[PDB]
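Notes for the structure review
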Amino acid sequence: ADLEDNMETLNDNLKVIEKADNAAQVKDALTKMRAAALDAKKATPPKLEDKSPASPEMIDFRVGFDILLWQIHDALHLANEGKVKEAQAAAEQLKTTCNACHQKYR
Amino acid sequence: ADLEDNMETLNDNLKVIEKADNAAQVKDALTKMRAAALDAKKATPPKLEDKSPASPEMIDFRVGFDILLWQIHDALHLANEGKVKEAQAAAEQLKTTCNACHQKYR
Amino acid sequence: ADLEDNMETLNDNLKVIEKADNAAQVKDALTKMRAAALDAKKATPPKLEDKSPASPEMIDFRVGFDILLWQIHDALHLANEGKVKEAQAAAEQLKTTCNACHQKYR
Ligand code: HEC
Ligand code: HEC
Ligand code: HEC
């Protein structure tokens, strides 16, 4: 998928998580976020379209998604243990990383 | 190790997982696949040898192993929980990633 | 942070894990190591400043942190299961990755 589509997946599934009632819904939503974050790694944001895929900005962009993936991992395992409110809180701290990337590259 | 040898390791241990009887066997084979996928990620595939190392294709190639690694992660945790058939089903799901990369970069 | 600061974080927190009494201490040190490894991924080591950012050497460098991150993952889950001594053993194993990178790129 293209970058904007993966971002919609991330935004929609974060909201699913905030409204979720059980761990199965949280896990499903986090797994869709993980897929979207991985697919976004191959993308070039519009503000960097003319730069090298290996420029420091593009390597930083891709590390941003690795950071997000490890945060998704933490929430996924919290949900797996049945700690639904903890998984939802961990999902909320993802926004720190969403915003940090947006500030630089959106 | 070189890319062909790492792919040998991935294919051999996928077959071990398919025929395994117990969780320890599945977990051992998955651990070897994780190691091979990481070692493979540093390679330049022959199809991309004559392209720029800074090409989008090289970045995409490496994201494919990141997808594979997160799928291996799921199967590893299922095997760690002792869920042999669920871990085998998660390992079966790797094949779509294997073939999708091959279609582009073998 | 720069590479040297991230290396300090990794080394200091490994020392904490080596002297830890309980899983909470180990998990806290391992999460700080995970953050430093992700941050180090954006660095260029002095020895590779004369290489392309997409050169095989720089890919090897960045993938070395992926290897470390999955080893940090193993120790984190072992600590989460209450296997403190097994987590410490896994952190000891991590050191082979640190030294192998230093041998190549320091
Ligand atoms: C970089 C490492 C990013 C991370 C982490 C996240 N996002 Fe993002 N986002 C990024 C870019 C470069 C862009 C611009 C895309 C464009 O073509 O303009 C975006 C954009 C969005 C959008 C708007 C997309 C659209 O349809 O117009 C949304 C709704 C969005 N991002 C959400 C989002 C969330 C919820 C994230 C974390 C959970 C997140 N992004 C992470 C880069 C990066
Ligand atoms: C890209 C991200 C890949 C993923 C994921 C997987 N494979 Fe692969 N594979 C890839 C390439 C570029 C190549 C060509 C290597 C060459 O030098 O020609 C291969 C090759 C194989 C092979 C044949 C090896 C040989 O002796 O030539 C096998 C048996 C193989 N790959 C198996 C395999 C399996 C089982 C995978 C998923 C579990 C898998 N590969 C993923 C690129 C990528
Ligand atoms: C590459 C993939 C590395 C891995 C994995 C680890 N380290 Fe490292 N480290 C690396 C380099 C290239 C350098 C040289 C940095 C420089 O600017 O000279 C280092 C350096 C250190 C240092 C000293 C830094 C300084 O103050 O001069 C320490 C204490 C250190 N590294 C520790 C360390 C630990 C504990 C690691 C694993 C847990 C580890 N490093 C991994 C490259 C890489």
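**Here's the deal with the interface of chain A and chain B**
Taken together, the contacts link 14 residues of chain A with 13 residues of chain B. On inspection of chain A and its partner chain B, the count reaches two salt bridges. Among the elements that take part in the side of chain A that touches chain B, helix α3 (residues 56-80) of chain A stands out by supplying seven residues, more than any other. Residue composition of the side of chain A that touches chain B, grouped by class: six nonpolar, four polar and four charged.

**Some remarks on the relation of the copies chain A and chain B**
The operation relating chain A to chain B is a screw motion whose rotation component is 118°, with 0.1 Å of axial translation and a residual RMSD of 0.5 Å. Taken together, the rotation and translation relating the two chain copies correspond to the operation of a three-fold axis. Taking C-alpha positions as reference, the residue of chain A nearest the rotation axis is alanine 54 of chain A, located at 2.8 Å.

**Regarding the interface of chain A and chain C**
Residue-level contacts link 11 residues of chain A with 12 residues of chain C. When chain A packs against chain C, close to 1,100 Å² is buried across both sides, 65% of that on carbon and sulfur atoms. Its salt-bridge partner being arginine 34 of chain C, residue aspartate 74 of chain A comes within 2.7 Å of it at the nearest N-O pair. Joining chain A to chain C, the criterion identifies four residue pairs in polar contact.

**A short note on the side chain of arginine 62 of chain A**
Looking at the element boundaries, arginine 62 of chain A is found in helix α3. Ignoring anything within four residues of it in the chain, the contact list for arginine 62 of chain A reads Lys41, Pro53 and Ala54 of chain A together with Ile59 of chain B.

**Considering the site of ligand 2**
All names here are of chain B. The immediate surroundings of ligand 2 are formed by 16 residues, with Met7, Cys98, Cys101, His102 and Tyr105 found nearest. At 2.9 Å, a side-chain N or O of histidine 102 approaches a nitrogen atom of ligand 2. Of all the secondary structure elements, the ones that give two or more residues to the shell around ligand 2 are α1 (3-19), α3 (56-80) and α5 (94-105). Top contributing element to the shell around ligand 2 by residue count: α5, with five residues.

**Considerations on the coordination of the iron atom of ligand 2**
All names here are of chain B. Coordination of the iron atom of ligand 2 by the protein is provided by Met7 (SD) and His102 (NE2), with metal-donor distances spanning 2.1 to 2.4 Å. Classification of the site at the iron atom of ligand 2 rests on its six donor atoms, whose angles at the metal span 85 to 178°, yielding the label octahedral. Note that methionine 7 is positioned in helix α1 and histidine 102 in helix α5, a separation of 95 residues in sequence. Exposure remark for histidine 102: the relative accessible area of 41% places this residue in the partly exposed category.

**A short note on the site of ligand 1**
All names here are of chain A. Around ligand 1, the surrounding shell holds 18 residues, and the nearest of these are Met7, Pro46, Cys98, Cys101 and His102. The biggest single contributor to the shell around ligand 1 is helix α1 (residues 3-18), with six residues. Of the residues contributing to the shell around ligand 1, the split by class is 12 nonpolar, four polar and two charged.

**Details of a negative patch on the surface**
Together, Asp2, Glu4, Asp5, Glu8 and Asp12 of chain A give the surface a local cluster of negative charge. Tracing the chain through its elements places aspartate 2 of chain A in the segment before α1.

**Brief notes about the UniProt feature "binding site: heme b" in chain A**
Residues and elements named next belong to chain A. In this numbering, the UniProt entry assigns the feature "binding site: heme b" to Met7 and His102. Over a stretch of 96 residues, the named residues converge on one spot in the fold, their C-alpha atoms separated by at most 11.0 Å. Once residues lying within four places of it in the same chain are set aside, the contact partners of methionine 7 are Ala40 and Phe65.

**Remarks on the pattern of salt bridges**
Scanning the entire structure with this criterion turns up 26 salt bridges over all chains. The partner of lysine 83 of chain A in a salt bridge is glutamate 81 of chain A, with the nearest N and O atoms 3.7 Å apart. With relative accessibility at 37%, the residue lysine 83 of chain A sits in the partly exposed group. Linking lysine 104 of chain C and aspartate 60 of chain C is a salt bridge whose minimum nitrogen-to-oxygen distance equals 2.7 Å. A residue pair is termed long-range when its members are at least 10 positions apart, and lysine 104 of chain C in helix α4 (residues 84-105) and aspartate 60 of chain C in helix α3 (residues 56-80) qualify at 44 residues. Residue classification places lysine 104 of chain C among the partly exposed positions, given a relative accessible area of 37%. Taken together, the shared-partner salt bridges connect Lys41 and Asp66 of chain A, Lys41 and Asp66 of chain B together with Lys41 and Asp66 of chain C into one network.

**Let's talk about the packing of aromatic side chains**
Given two aromatic rings, one states the distance between the centres and the angle between the planes to describe the pair. Throughout the structure, instances matching the rule amount to nine aromatic pairs over all chains. For the ring pair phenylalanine 61 of chain B and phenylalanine 65 of chain B, a centre distance of 5.1 Å and an interplane angle of 85° mean the geometry is edge-to-face. Linking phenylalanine 61 of chain B with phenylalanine 65 of chain B, this pair stays in helix α3, spanning four residues, or about one helical turn. An aromatic cluster is defined as three or more aromatic residues linked by ring pairs; in this entry it consists of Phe61, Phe65 and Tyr105 of chain A.

Thresholds applied
Residues numbered from 1 in each chain as written, not as in the entry; some residues may be left out. Chains lettered and ligands numbered in written order. Heavy atoms only, no water. Contact = heavy atoms within 4.5 Å. Salt bridge = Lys/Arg side-chain N within 4 Å of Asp/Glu carboxyl O. Helix = DSSP H or I, 4+ residues; strand = E, 2+ residues; numbered from the N terminus. Nonpolar A, V, L, I, M, F, W, Y, C, P; charged D, E, K, R; others polar. Least-squares fit on C-alpha atoms. Buried area = accessible area lost by both parts, 1.4 Å probe. Polar contact = N/O pair within 3.5 Å; in protein donor to acceptor, adjacent residues only side chain to side chain. Near = heavy atom within 4 Å. Donors = N, O, S within 2.8 Å, 3.2 Å for Na, K, Ca; no water. Tetrahedral: all angles 85-135°; square planar, octahedral: opposite > 155°, others 65-115°. Buried < 20%, exposed > 50% of the residue type's maximum accessible area, 1.4 Å probe, protein only. Patch = residues over 30% accessible without salt bridge, like charges linked within 9 Å, V, L, I, M, F, W, Y side chains within 5 Å. Areas by Shrake-Rupley, 256 points an atom, 1.4 Å probe, with all protein chains shown as cover. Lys, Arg positive; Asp, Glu negative; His and termini not counted. Charge placed at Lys NZ, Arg CZ, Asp CG, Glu CD. UniProt positions renumbered as here; feature names shortened; annotations may be inferred. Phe/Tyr/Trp six-rings, centres within 6.5 Å; stacked < 30°, edge-to-face > 60°.

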